[PDB]
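*Asks:* Can you read through this structure? Questions will come right after.
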Amino acid sequence: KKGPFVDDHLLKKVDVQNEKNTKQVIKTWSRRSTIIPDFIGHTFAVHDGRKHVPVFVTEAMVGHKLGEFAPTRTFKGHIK
Amino acid sequence: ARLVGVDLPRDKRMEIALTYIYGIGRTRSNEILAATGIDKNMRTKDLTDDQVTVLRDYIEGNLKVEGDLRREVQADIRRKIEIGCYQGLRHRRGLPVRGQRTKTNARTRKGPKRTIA
Amino acid sequence: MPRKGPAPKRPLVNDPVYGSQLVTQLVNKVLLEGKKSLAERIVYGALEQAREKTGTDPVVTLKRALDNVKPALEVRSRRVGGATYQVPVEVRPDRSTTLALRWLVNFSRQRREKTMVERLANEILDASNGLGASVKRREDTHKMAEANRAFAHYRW
Amino acid sequence: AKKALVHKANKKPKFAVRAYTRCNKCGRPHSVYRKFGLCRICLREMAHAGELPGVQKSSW
Amino acid sequence: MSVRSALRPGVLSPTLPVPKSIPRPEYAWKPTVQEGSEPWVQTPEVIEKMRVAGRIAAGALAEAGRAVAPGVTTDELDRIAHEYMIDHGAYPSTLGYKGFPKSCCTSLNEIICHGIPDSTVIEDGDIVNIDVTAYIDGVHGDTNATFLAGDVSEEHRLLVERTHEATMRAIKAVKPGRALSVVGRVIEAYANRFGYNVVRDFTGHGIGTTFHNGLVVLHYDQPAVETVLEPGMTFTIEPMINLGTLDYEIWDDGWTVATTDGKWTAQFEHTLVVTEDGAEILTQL
Amino acid sequence: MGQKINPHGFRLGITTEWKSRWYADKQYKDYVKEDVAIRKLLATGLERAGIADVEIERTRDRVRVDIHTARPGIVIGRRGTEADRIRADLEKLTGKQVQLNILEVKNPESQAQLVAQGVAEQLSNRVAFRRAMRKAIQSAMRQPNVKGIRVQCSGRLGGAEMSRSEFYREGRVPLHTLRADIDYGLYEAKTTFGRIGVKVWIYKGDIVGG
RNA sequence: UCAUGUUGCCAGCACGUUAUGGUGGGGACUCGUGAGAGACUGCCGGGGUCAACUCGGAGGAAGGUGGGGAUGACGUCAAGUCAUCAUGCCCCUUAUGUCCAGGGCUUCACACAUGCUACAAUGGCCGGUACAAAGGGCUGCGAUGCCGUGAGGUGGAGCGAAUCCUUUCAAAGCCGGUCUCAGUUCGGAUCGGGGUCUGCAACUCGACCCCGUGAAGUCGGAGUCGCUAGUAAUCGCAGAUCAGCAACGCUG
RNA sequence: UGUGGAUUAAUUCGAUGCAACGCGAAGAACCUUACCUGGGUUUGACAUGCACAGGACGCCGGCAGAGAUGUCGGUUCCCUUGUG
């Protein structure tokens with residue numbers, strides 16, 4: 001666990017977002033970490049592929065990464 | 001004998017008594033018995049109450065034990081659900097957490113093989 | 001190579017410790033497929049354990065047990081006219097010896113002693129005296145081969 | 001095995017992990033080795049032709 | 001108390017076999033025979049065969065319900081009911097029906113209906129609907145009833161009992177010369193007093209020589225339906241009352257359903273035949 | 001079909017020799033790519049003239065390319081007009097100085113690949129398949145010391161929708177026998193209606209060659 | 001059998017003195033492979049048509065085609081492959097073209113198939129004893145030493161290599177102690193913490209490590225498969241696609 | 001692990017006893033992608049032939065942008081006079 005992901009474009013976007021103290025739904029393509037705690041309060045519209053599904057960032061949100069915080073595996077598999 | 005709450009059977013070696021516990025396993029049985037000073041071969045019947053107290057203090061202070069392993073495993077499980085992680089989603093759908101086989105295998109999670117119509 | 005005549009067989013040497021063909025065949029039958037030296041040690045210790053519990057030569061005790069287990073008539077699985085008619089056939093000495101030792105090993109591994117060394121020793125004793133599973137199976141097979149003599153004249 | 005996909009794998013990737021084999025002679029990306037860098041179906045056909053200096057039938 | 005967690009389709013046990021003594025649909029035979037369906041016209045012979053089949057189904061349902069205890073698996077209920085109704089010479093019409101692998105249908109709490117018995121166990125404070133059906137001599141008899149397993153809290157007791165009053169209120173509202181939809185309307189009325197809701201999809205179905213004859217009895221106010229009752233129709237009233245809204249989460253066990261809102265629900269199915277002056281229950285003990 | 005192992009793919013270490021021969025340490029893949037590129041470059045124009053073989057040997061990294069053709073004059077026309085142009089093209093394409101070697105087959109069509117070439121050209125020439133066969137088959141055996149032949153064809157023969165096949169055998173052609181020296185030649189004509197594959201097996205004799 | 005002594009083995013010899021052919025030398029022996037010999041009923045006896053063939057004996061390492069492989073005549077089943085490839089034909093040519101973002105392709109309430117693990121004391125835990133070959137290795141083996149519970153980190157020798165790493169190549173086995181026939185020190189699931197590495201990033205979406213996990217399964221029902229000797233079977237090692245591995249796989 | 005059944009944007013495609021299902025797949029976080037959602041290119045990501053301008057293209061950077069892509073910053077031809 002040398003270094004988790006930094007979300008470089010999402011990192012710059014979040015820095016610009018929270019430096020102005022403005023909360024915006026970032027249409028975040030990045031899906032490979034929420035390891036950085038500064039993401040709290042930013043409505044990450046996770047681009048699961050079909051759309052940008054919002055996900056909120058919490059304190060205990062660390063330790064697992066950003067992707068299927070909004071699920072992408074739409075599944076019913078039984079009659080629906 | 002007396003311990004944290006997991007029985008140590010009458011015909012199990014001391015490491016073997018430990019291995020039953022969720023808190024202590026065979027390798028941790030060896031580690032704890034080396035750190036404390038109890039033989040891995042001696043029985044539960046040959047155990048001393050002072051050694052019981054010393055062992056309990058050592059395991060509760062330097063090892064994740066029944067309570068510590070629960071407050072670790074389940075708390076971090078619900079932690080990875082509450083972050084929306086697909087490790088949490090493997091937990092929810094009764095799947096192995098590391099994304100290994102869920103299609104047919106992984107019965108200990110989803111539950112044994114069955115039969116639909 | 002059936003359908004062409006008798007099948008050649010691998011020859012068997014005697015035991016180094018004991019020196020008997022029956023002992024070595026018993027070793028190879030108790031031989032869990034994959035290990036021999038450990039199986040040899042197990043059959044050894046079983047034979048010495050039979051020795052002190054009998055006071056005689058383990059090879060002679062094993063011979064007595066095999067005689068008390070060796071069958072004389074075998075029943076095949078020929079289908080005659082869509083009905084299972086059992087045709088007893090006289091057993092050659094090698095086939096009867098193999099059957100006796102196979103039964104001895106199968107009922108040895110069945111026993112519930114601490115080790116299959118002890119289990120095999122107890123099986124040897126219970127076959128030598130005549131109070132084991134192998135002896136009662138030897139009795140039962142002869143009883144069943146005699147109960148169906150009406151089909152014994154087919155001569156196959 | 002589209003020619004576009006062949007040029008795509010031949011074009012530079014923006015990540016060090018996007019690189020894969022994509023055997024160039026035919027276009028099959030799977031089951032491509034290092035010592036030869038080809039697919040199995042073309043490997044057998046080249047090998048049976050004898051143009052490869054050294055490969056032959058194995059029989060021991 | 002602590003609210004029960006969401007159910008998951010536990011390991012489904014094997015199927016309960018059925019002696020051919022009791023017949024089966026034509027699928028069993030050559031697929032080009034198409035001898036199913038039968039003259040659904042309800043003759044009095046088929047009425048008596050229906051009485052027998054419904055009594056058998058009700059007895060098996062009672063056996064399953066008396067088997068219901070905290071710690072008793074729904075599989076045990078299905079086994080006991082199947083033993084009772086096979087001993088009575090009846091075929092489980094739900095076994096293999098469109099892919100249902102069990103003799104009886106066990107709905108648990110949130111499950112709407114046609115739930116699949118599996119390794120899921122019943123505990124204290126639960127509500128369990130058991131659905132039993134019997135087939136003989138070309139008749140189909142289905143009925144489900146919900147029971148309070150353990151010392152259940154007040155709210156779920158109200159839920160189940162209200163489903164039950166909606167049940168016999170729809171049953172008693174059945175009169176000759178009345179439209180079908182009034183039944184559903186009555187149910188909705190009883191749902192409106194306590195603010196409960198009724199699913200508009202899994203509703204009453206006509207029953208007879210075929211399990212589903214196509215006669216669907218909607219359990220809500222549907223003025224667009226002019227289906228008038230005449231004596232002789234055997235059909236199931238199974239009003240469905242939830243603790244939540246009309247959206248639901250079909251259990252991953254499909255047949256088995258569940259309420260999206262994780263709020264518990266109840267179901268009571270009674271098969272009725274219209275007499276010269278009202279309704280008569282043929283699946284009653 | 002029947003698992004007929006390639007006679008050149010089966011007796012490549014017994015009777016027949018490899019087209020290419022060299023040694024390369026941690027250099028095999030690039031040599032294979034160079035061989036493939038050179039053979040692709042010499043594919044259509046050479047086969048139209050009647051090319052027979054293409055050997056690519058490697059001297060001390062400079063060049064060794066030999067092309068065995070069945071007719072002189074087309075590959076090498078006016079001195080420098082054709083041979084030097086393709087030599088310069090090879091020099092440009094391959095990162096080496098190419099001293100291209102062009103040699104002529106001593107006899108008329110006598111190779112399995114050459115027979116397949118002639119047969120496929122005739123089939124594309126709208127002639128009677130049978131004629132084409134027999135004709136080119138007669139023009140096949142040839143091979144002075146010839147002992148056996150096996151002419152096979154498959155595909156849309158004559159442009160029909162059915163992928164019919166023909167088999168003709170002459171004399172000893174033991175495929176199974178390893179002292180066979182059976183040359184293999186496969187060529188596919190591209191007809192207006194599709195493709196026709198042509199197989200030729202040429203059994204020179206029973207010589208072991210060991 | 002001849003040749004063959006280097007990187008390799010080391011009797012006949014010395015030097016190591018620990019690190020083992022390891023070193024100088026040693027062809028003597030494998031080893032290493034170039035050549036060759038040596039199974040061809042080669043000899044004999046017996047039936048048999050006096051024939052094949054067969055049986056048996058003998059020489060022979062191989063015996064009655066030595067053994068293991070490599071041999072696909074004619075054709076067989078529109079089996080499969082326009083997604084290996086071209087390919088006749090049809091369709092789009094501004095899209096079904098086309099690059100990239102993200103996802104899925106790993107999804108699961110299941111059916112089947114195949115395997116590893118078991119279900120133990122023949123074994124589990126702990127420790128010691130001695131033997132494999134093929135290999136594979138230049139940005140790869142990568143060692144010694146160490147921090148490390150252990151991943152993993154350094155780190156680069158000898159290494160394009162019979163030299164050096166893979167250990168002077170194992171495991172099962174041998175022994176000793178325990179465990180005492182049990183949901184077991186079986187058995188591993190199962191997941192959690194924290195990390196550890198690769199990877200831009202390991203939630204889907206790698207693996208590993210320290211710990212803990214101790215389920216089912218107490219040897220399998222109908223029914224079924226394989227195996228004629230190095231065979232069934234057990235154990236371990238290696239190689240390929242592999243930056244990270246789904247591999248309990250495949251090839252040996 | 002793969003296949004069938006079901007979801008899905010895709011759960012890529014085909015193979016369906018022998019001769020499919022530890023398969024092509026001897027290797028799916030991007031890639032693999034063939035599928036979908038969305039954003040770009042449109043003689044197109046990729047080419048060939050006719051030109052037509054041409055001395056630029058093209059490269060080294062910055063920025064925006066999920067990225068494709070676009071902006072320009074700086075170099076600006078090498079032939080040899082026909083123009084390539």
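Ordered as shown in the structure tokens, chains take letters A, B, and onward, while each chain numbers its residues from 1 and ligands are numbered from 1 in the order shown.
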Can you tell me which residues surround stretch 34-50 of chain A at a distance of at most 10 Å, considering only C-alpha atoms (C1' of nucleotides), apart from same-chain residues fewer than 6 positions away, and format the answer as a PyMOL selection string?

*Replies:* (chain A and resi 3-7+10-11+14-15+17-18+22-28+56-73) or (chain B and resi 83) or (chain G and resi 101-104+203) or (chain H and resi 9+36-38+66)

*Asks:* How many Å separate atom CA of residue E:17 from atom CA of residue E:96?

*Replies:*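 Result for atom CA of residue E:17 versus atom CA of residue E:96: 10.7 Å, one decimal.
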
*Asks:* Considering only C-alpha atoms (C1' of nucleotides), return as a PyMOL selection string whatever protein or nucleic-acid residues lie within 9 Å of stretch 14-26 of chain D, sequence-local ones (same chain, fewer than 3 positions apart) excluded.

*Replies:* (chain D and resi 1+5-6+9-10+29-34+37-39+42) or (chain F and resi 33+36) or (chain G and resi 84-85+199-200+243) or (chain H and resi 30-32)

*Asks:* Pick the closest to chain F from G:19, G:146, G:95, G:70: which is it, counting only C-alpha atoms (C1' of nucleotides)?

*Replies:* G:70

*Asks:* Can you measure atom CA of residue F:181 to atom CA of residue F:111 for me? One decimal in Å is fine.

*Replies:*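 Distance between the two atoms: 12.2 Å.
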
*Asks:* Would you please give, as a VMD selection string, all residues of chain D that DSSP assigns to alpha helix (DSSP H) based on the backbone?

*Replies:* chain D and resid 3 to 10 40 to 49

*Asks:* Can you write out the residues you just picked, keeping N, CA, C and O atoms, as an mmCIF file, in the first residue's frame?

*Replies:*
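Okay, out-v6.cif is ready:
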```cif
data_model
loop_
_atom_site.group_PDB
_atom_site.id
_atom_site.type_symbol
_atom_site.label_atom_id
_atom_site.label_comp_id
_atom_site.auth_asym_id
_atom_site.auth_seq_id
_atom_site.Cartn_x
_atom_site.Cartn_y
_atom_site.Cartn_z
ATOM 1 N N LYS D 3 -8.666 -3.214 -38.097
ATOM 2 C CA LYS D 3 -7.461 -2.462 -38.433
ATOM 3 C C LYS D 3 -7.335 -1.221 -37.561
ATOM 4 O O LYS D 3 -6.225 -0.803 -37.212
ATOM 5 N N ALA D 4 -8.470 -0.623 -37.198
ATOM 6 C CA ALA D 4 -8.460 0.484 -36.252
ATOM 7 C C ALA D 4 -7.911 0.043 -34.905
ATOM 8 O O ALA D 4 -7.115 0.754 -34.287
ATOM 9 N N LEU D 5 -8.325 -1.134 -34.432
ATOM 10 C CA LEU D 5 -7.811 -1.635 -33.161
ATOM 11 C C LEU D 5 -6.334 -1.996 -33.272
ATOM 12 O O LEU D 5 -5.569 -1.822 -32.315
ATOM 13 N N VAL D 6 -5.917 -2.502 -34.435
ATOM 14 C CA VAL D 6 -4.506 -2.813 -34.647
ATOM 15 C C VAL D 6 -3.665 -1.546 -34.571
ATOM 16 O O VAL D 6 -2.634 -1.507 -33.888
ATOM 17 N N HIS D 7 -4.096 -0.486 -35.258
ATOM 18 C CA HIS D 7 -3.407 0.797 -35.167
ATOM 19 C C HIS D 7 -3.505 1.403 -33.773
ATOM 20 O O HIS D 7 -2.587 2.112 -33.351
ATOM 21 N N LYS D 8 -4.600 1.138 -33.059
ATOM 22 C CA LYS D 8 -4.779 1.652 -31.707
ATOM 23 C C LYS D 8 -3.759 1.046 -30.755
ATOM 24 O O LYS D 8 -3.103 1.763 -29.989
ATOM 25 N N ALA D 9 -3.615 -0.280 -30.787
ATOM 26 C CA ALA D 9 -2.583 -0.928 -29.985
ATOM 27 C C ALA D 9 -1.188 -0.566 -30.476
ATOM 28 O O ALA D 9 -0.245 -0.514 -29.677
ATOM 29 N N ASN D 10 -1.035 -0.320 -31.778
ATOM 30 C CA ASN D 10 0.244 0.138 -32.304
ATOM 31 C C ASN D 10 0.503 1.603 -31.976
ATOM 32 O O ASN D 10 1.663 2.010 -31.858
ATOM 33 N N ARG D 40 -1.540 -18.549 -32.213
ATOM 34 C CA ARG D 40 -1.356 -19.985 -32.397
ATOM 35 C C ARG D 40 -1.703 -20.431 -33.816
ATOM 36 O O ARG D 40 -0.994 -21.260 -34.403
ATOM 37 N N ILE D 41 -2.779 -19.878 -34.384
ATOM 38 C CA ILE D 41 -3.262 -20.333 -35.683
ATOM 39 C C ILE D 41 -2.281 -19.952 -36.784
ATOM 40 O O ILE D 41 -2.078 -20.706 -37.742
ATOM 41 N N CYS D 42 -1.672 -18.771 -36.680
ATOM 42 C CA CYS D 42 -0.622 -18.408 -37.622
ATOM 43 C C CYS D 42 0.694 -19.103 -37.296
ATOM 44 O O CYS D 42 1.477 -19.395 -38.209
ATOM 45 N N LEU D 43 0.958 -19.365 -36.013
ATOM 46 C CA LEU D 43 2.198 -20.040 -35.646
ATOM 47 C C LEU D 43 2.266 -21.430 -36.259
ATOM 48 O O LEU D 43 3.297 -21.813 -36.824
ATOM 49 N N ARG D 44 1.170 -22.191 -36.178
ATOM 50 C CA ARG D 44 1.169 -23.533 -36.753
ATOM 51 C C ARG D 44 1.402 -23.486 -38.259
ATOM 52 O O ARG D 44 2.128 -24.322 -38.810
ATOM 53 N N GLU D 45 0.805 -22.504 -38.939
ATOM 54 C CA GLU D 45 0.907 -22.445 -40.392
ATOM 55 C C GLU D 45 2.301 -22.025 -40.836
ATOM 56 O O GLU D 45 2.827 -22.542 -41.828
ATOM 57 N N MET D 46 2.911 -21.072 -40.128
ATOM 58 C CA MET D 46 4.291 -20.722 -40.436
ATOM 59 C C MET D 46 5.222 -21.893 -40.152
ATOM 60 O O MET D 46 6.123 -22.184 -40.947
ATOM 61 N N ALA D 47 4.995 -22.587 -39.033
ATOM 62 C CA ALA D 47 5.885 -23.664 -38.616
ATOM 63 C C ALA D 47 5.817 -24.853 -39.565
ATOM 64 O O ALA D 47 6.847 -25.466 -39.869
ATOM 65 N N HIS D 48 4.619 -25.203 -40.042
ATOM 66 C CA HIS D 48 4.519 -26.307 -40.990
ATOM 67 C C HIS D 48 5.167 -25.971 -42.328
ATOM 68 O O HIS D 48 5.508 -26.888 -43.083
ATOM 69 N N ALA D 49 5.353 -24.685 -42.635
ATOM 70 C CA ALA D 49 5.951 -24.287 -43.903
ATOM 71 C C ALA D 49 7.461 -24.478 -43.941
ATOM 72 O O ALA D 49 8.036 -24.490 -45.035
#
```

*Asks:* Within 10 Å of chain B, which residues of chain E show up when using only C-alpha atoms, listed as a PDB file with N, CA and C atoms, in the first residue's frame?

*Replies:*
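Output saved as part.pdb:
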```pdb
ATOM      1  N   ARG E   8     -32.750 -12.659   2.170  1.00  0.00           N
ATOM      2  CA  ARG E   8     -31.936 -13.021   1.014  1.00  0.00           C
ATOM      3  C   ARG E   8     -32.333 -14.436   0.614  1.00  0.00           C
ATOM      4  N   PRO E   9     -32.332 -14.739  -0.693  1.00  0.00           N
ATOM      5  CA  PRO E   9     -32.791 -16.068  -1.126  1.00  0.00           C
ATOM      6  C   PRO E   9     -31.842 -17.185  -0.712  1.00  0.00           C
ATOM      7  N   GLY E  10     -31.932 -17.629   0.537  1.00  0.00           N
ATOM      8  CA  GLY E  10     -31.063 -18.686   1.027  1.00  0.00           C
ATOM      9  C   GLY E  10     -31.075 -19.956   0.201  1.00  0.00           C
ATOM     10  N   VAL E  11     -30.162 -20.868   0.511  1.00  0.00           N
ATOM     11  CA  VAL E  11     -30.074 -22.112  -0.243  1.00  0.00           C
ATOM     12  C   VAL E  11     -31.423 -22.788  -0.388  1.00  0.00           C
ATOM     13  N   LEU E  12     -31.873 -22.964  -1.622  1.00  0.00           N
ATOM     14  CA  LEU E  12     -33.124 -23.669  -1.847  1.00  0.00           C
ATOM     15  C   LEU E  12     -32.867 -25.159  -1.750  1.00  0.00           C
ATOM     16  N   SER E  13     -33.637 -25.849  -0.919  1.00  0.00           N
ATOM     17  CA  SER E  13     -33.473 -27.291  -0.752  1.00  0.00           C
ATOM     18  C   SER E  13     -33.876 -28.046  -2.019  1.00  0.00           C
ATOM     19  N   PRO E  14     -33.886 -29.388  -1.969  1.00  0.00           N
ATOM     20  CA  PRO E  14     -34.382 -30.101  -3.154  1.00  0.00           C
ATOM     21  C   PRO E  14     -35.894 -29.994  -3.306  1.00  0.00           C
ATOM     22  N   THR E  15     -36.430 -30.512  -4.405  1.00  0.00           N
ATOM     23  CA  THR E  15     -37.870 -30.461  -4.645  1.00  0.00           C
ATOM     24  C   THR E  15     -38.578 -31.619  -3.958  1.00  0.00           C
ATOM     25  N   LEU E  95     -45.467 -26.651  -7.678  1.00  0.00           N
ATOM     26  CA  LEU E  95     -44.199 -27.327  -7.922  1.00  0.00           C
ATOM     27  C   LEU E  95     -43.887 -27.346  -9.411  1.00  0.00           C
ATOM     28  N   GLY E  96     -42.861 -26.603  -9.819  1.00  0.00           N
ATOM     29  CA  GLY E  96     -42.507 -26.504 -11.217  1.00  0.00           C
ATOM     30  C   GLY E  96     -43.404 -25.614 -12.047  1.00  0.00           C
ATOM     31  N   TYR E  97     -44.335 -24.893 -11.426  1.00  0.00           N
ATOM     32  CA  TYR E  97     -45.241 -24.015 -12.158  1.00  0.00           C
ATOM     33  C   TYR E  97     -44.476 -22.786 -12.631  1.00  0.00           C
ATOM     34  N   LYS E  98     -44.168 -22.741 -13.929  1.00  0.00           N
ATOM     35  CA  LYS E  98     -43.397 -21.666 -14.551  1.00  0.00           C
ATOM     36  C   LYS E  98     -41.998 -21.532 -13.954  1.00  0.00           C
ATOM     37  N   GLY E  99     -41.546 -22.532 -13.202  1.00  0.00           N
ATOM     38  CA  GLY E  99     -40.236 -22.501 -12.591  1.00  0.00           C
ATOM     39  C   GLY E  99     -40.210 -22.335 -11.087  1.00  0.00           C
ATOM     40  N   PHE E 100     -41.258 -22.751 -10.379  1.00  0.00           N
ATOM     41  CA  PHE E 100     -41.269 -22.670  -8.924  1.00  0.00           C
ATOM     42  C   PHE E 100     -40.862 -24.021  -8.344  1.00  0.00           C
ATOM     43  N   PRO E 101     -39.707 -24.106  -7.679  1.00  0.00           N
ATOM     44  CA  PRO E 101     -39.141 -25.413  -7.321  1.00  0.00           C
ATOM     45  C   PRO E 101     -39.663 -26.013  -6.024  1.00  0.00           C
ATOM     46  N   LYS E 102     -40.762 -25.517  -5.465  1.00  0.00           N
ATOM     47  CA  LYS E 102     -41.251 -26.006  -4.184  1.00  0.00           C
ATOM     48  C   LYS E 102     -42.743 -26.311  -4.250  1.00  0.00           C
ATOM     49  N   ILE E 116     -40.289 -18.504  -2.470  1.00  0.00           N
ATOM     50  CA  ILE E 116     -39.621 -19.791  -2.634  1.00  0.00           C
ATOM     51  C   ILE E 116     -39.118 -20.242  -1.267  1.00  0.00           C
ATOM     52  N   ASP E 118     -36.731 -21.923   1.279  1.00  0.00           N
ATOM     53  CA  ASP E 118     -35.290 -22.117   1.205  1.00  0.00           C
ATOM     54  C   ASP E 118     -34.758 -22.229   2.632  1.00  0.00           C
ATOM     55  N   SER E 119     -33.440 -22.118   2.788  1.00  0.00           N
ATOM     56  CA  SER E 119     -32.825 -22.241   4.105  1.00  0.00           C
ATOM     57  C   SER E 119     -33.137 -21.066   5.023  1.00  0.00           C
ATOM     58  N   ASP E 252     -34.461 -11.630  -4.957  1.00  0.00           N
ATOM     59  CA  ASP E 252     -33.590 -12.239  -5.958  1.00  0.00           C
ATOM     60  C   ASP E 252     -34.109 -13.635  -6.243  1.00  0.00           C
ATOM     61  N   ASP E 253     -35.077 -14.101  -5.458  1.00  0.00           N
ATOM     62  CA  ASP E 253     -35.693 -15.396  -5.707  1.00  0.00           C
ATOM     63  C   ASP E 253     -36.943 -15.228  -6.557  1.00  0.00           C
TER      64      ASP E 253
END
```

*Asks:* Compile a residue-level contact table for chain D against chain F at a cut-off of 7 Å, reporting for every qualifying residue the shortest atom pair and its distance in Å to one decimal, with only C-alpha atoms counted, rows ordered by chain and ascending number, as a Markdown table.

*Replies:*
```
| residue | atom | partner | partner_atom | distance |
| --- | --- | --- | --- | --- |
| D:35 | CA | F:29 | CA | 6.4 |
| D:36 | CA | F:29 | CA | 5.1 |
| D:37 | CA | F:29 | CA | 6.8 |
| D:48 | CA | F:9 | CA | 4.1 |
| D:49 | CA | F:9 | CA | 6.1 |
| D:50 | CA | F:18 | CA | 4.9 |
| D:51 | CA | F:19 | CA | 4.8 |
| D:52 | CA | F:20 | CA | 6.3 |
| D:53 | CA | F:21 | CA | 4.8 |
| D:56 | CA | F:13 | CA | 6.3 |
| D:57 | CA | F:10 | CA | 6.8 |
```

*Asks:* Which of these residues is nearest to chain G, using only C-alpha atoms (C1' of nucleotides): E:257, E:240, E:268, E:276?

*Replies:* E:257

*Asks:* Considering only C-alpha atoms (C1' of nucleotides), return as a ChimeraX atom specification whatever protein or nucleic-acid residues lie within 12 Å of residue G:156, sequence-local ones (same chain, fewer than 2 positions apart) excluded.

*Replies:* /G:141-145,154,158-159,165

*Asks:* Could you write out, as a count of residues only, all the residues of chain F that DSSP marks as strand (DSSP E or B)?

*Replies:* 50

*Asks:* Write out as number ranges by chain which residues come within 9 Å of residue B:100 when counting only C-alpha atoms (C1' of nucleotides), dropping same-chain ones fewer than 5 positions away.

*Replies:* B: 95, 106; G: 106, 246

*Asks:* Selected residues, N, CA and C atoms (P, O5', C5', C4', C3', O3' and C1' of nucleotides), written as a PDB file, in the first residue's frame, please.

*Replies:*
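File produced: out.pdb:
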```pdb
ATOM      1  N   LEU B  95     -21.274 -12.317  -1.409  1.00  0.00           N
ATOM      2  CA  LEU B  95     -20.208 -12.658  -2.334  1.00  0.00           C
ATOM      3  C   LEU B  95     -18.859 -12.609  -1.629  1.00  0.00           C
ATOM      4  N   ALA B 106     -18.275 -20.016  -4.052  1.00  0.00           N
ATOM      5  CA  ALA B 106     -18.439 -19.027  -2.984  1.00  0.00           C
ATOM      6  C   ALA B 106     -19.633 -19.357  -2.099  1.00  0.00           C
TER       7      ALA B 106
ATOM      8  P     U G 106     -16.792 -12.614 -17.760  1.00  0.00           P
ATOM      9  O5'   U G 106     -16.926 -11.731 -16.440  1.00  0.00           O
ATOM     10  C5'   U G 106     -17.884 -12.052 -15.434  1.00  0.00           C
ATOM     11  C4'   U G 106     -17.225 -12.342 -14.108  1.00  0.00           C
ATOM     12  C3'   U G 106     -17.844 -11.637 -12.900  1.00  0.00           C
ATOM     13  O3'   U G 106     -17.755 -12.485 -11.757  1.00  0.00           O
ATOM     14  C1'   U G 106     -15.574 -11.011 -13.107  1.00  0.00           C
ATOM     15  P     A G 246      -2.678 -16.657  -9.439  1.00  0.00           P
ATOM     16  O5'   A G 246      -4.255 -16.876  -9.499  1.00  0.00           O
ATOM     17  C5'   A G 246      -5.037 -16.289 -10.534  1.00  0.00           C
ATOM     18  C4'   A G 246      -6.510 -16.553 -10.345  1.00  0.00           C
ATOM     19  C3'   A G 246      -7.211 -17.196 -11.538  1.00  0.00           C
ATOM     20  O3'   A G 246      -8.242 -18.066 -11.075  1.00  0.00           O
ATOM     21  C1'   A G 246      -8.205 -15.099 -11.075  1.00  0.00           C
TER      22        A G 246
END
```

*Asks:* Hey, what's within 9 Å of residue B:14 if we count only C-alpha atoms (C1' of nucleotides) and toss same-chain stuff fewer than 5 positions away? As a list in words, please?

*Replies:*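 The residues satisfying every condition are residues 8, 19, 29, 33, 38, 39, 40, 41, 42, 43, 44 and 47 of chain B.
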
*Asks:* For residue C:62, please output as a ChimeraX atom specification all residues within 10 Å (counting only C-alpha atoms (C1' of nucleotides); exclusion window: fewer than 3 positions along the same chain).

*Replies:* /C:20,22-23,26,47,50-51,57-59,65-68,101,124-125,127-128
